[PDB]
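Read the single chain below, which is given as structure tokens and is the form deposited in one PDB entry.
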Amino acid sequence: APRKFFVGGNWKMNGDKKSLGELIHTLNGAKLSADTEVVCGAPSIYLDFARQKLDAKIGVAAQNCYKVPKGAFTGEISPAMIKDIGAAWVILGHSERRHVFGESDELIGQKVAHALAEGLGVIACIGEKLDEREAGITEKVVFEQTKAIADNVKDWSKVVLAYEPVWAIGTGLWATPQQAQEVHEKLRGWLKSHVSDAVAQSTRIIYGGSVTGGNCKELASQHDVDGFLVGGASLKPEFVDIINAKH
């Protein structure tokens, strides 16, 4: 009935076999809450390794994919390949893909539709830049990005939405609990009016942007924040504390 708390780790472009191996050993050995759904997003080269080594109870996500199953796209991977190695999730629309690599809402929407058709879960990311926030246009931006995704989702049961203020990613500035709650409750109301009440009540909306062991309890306690997408701290032992933020 209540939405299951969800914590994702995004390792970004970090790790080697030795260091990722150590991190995974730690996670497997920790006491993690029975009521948190945990997913680790590994570099593509280490997806197979990560799935082999991680406790099955912990999910594995790719950090990107492309929009068709196969073909002449040098350097890309498809949902079919991700499923083949046993990963169950993909992260789409991350700030770094949008703003460093130039991925448009239209591309991201096609990626979302293809991932879902192939049976993967999607962590779909949205968020505003500082200049947008300061111009009063957070709601407009966040709703535009969300519509582009929603228009391409036919089954909401394997979607998680991640709200990541761009100014909060990797900077140490985090949104206040009140800043996060405002956006998350507005996103939920958007889902209610534009999709359905059932989808609004069931869909996890998670916060990302400088989540650490020090701030996770306060953020987690907000009524419409259902978890986190964690970058820098997901490579450290305090990731365990974040997974257990509700306890």
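Rigid core (definition): largest C-alpha set, two forms, superposition within 1.5 Å. Heads up: residue numbers just count along the shown sequence, starting at 1. Only residues modelled in both forms are compared.
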>> Mean Cα B factor from the PDB record: higher for 99-107, or higher for 74-82?
In response: 99-107
> Higher mean Cα B-factor in the deposited model: 236-244 or 1-9?
Replying inline: 1-9
> Taking the Cα B-factors listed in the entry, which of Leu116, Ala175, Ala135, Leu161 comes out highest?
Replying inline: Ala175
> Between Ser202, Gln181, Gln52, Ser210, which carries the biggest CA temperature factor in the record?
Replying inline: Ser202
> Within this chain, which third does the Cα B-factor at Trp156 fall in: lowest, middle or highest?
Replying inline: highest
> With respect to C-alpha B-factor, does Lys147 fall in the lowest, middle or highest third of the chain as deposited?
Replying inline: lowest
>> Test of reading the entry: by CA B factor among the chain's modelled residues, which third contains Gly41?
In response: middle
> Would the CA B-factor of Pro69 place it in the lowest, middle or highest third of its chain?
Replying inline: middle
>> Quick check for you: using the entry's CA B-factors within this chain, is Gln222 in the lowest, middle or highest third?
In response: middle
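Another form exists, deposited in another entry; not displayed. Remarks below refer to it.
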> Of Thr176, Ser104, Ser157, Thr171, which is the single residue whose C-alpha shifts by 2 angstroms or more between this form and the one not shown after core superposition?
Replying inline: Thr171
>> Closer or farther: the C-alpha atoms of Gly172 and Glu132 in the other form, versus the form shown, with a change of 3 angstroms or more?
In response: closer
>> Quick one: with a 3 Å or larger change, is the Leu161 to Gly172 CA distance smaller or larger in the other form? Answer closer or farther.
In response: farther
>> Report the shifted segments between this form and the one not shown, defined as three or more consecutive common residues with all CA displacements of at least 2 angstroms relative to the rigid core fit.
In response: 167-174
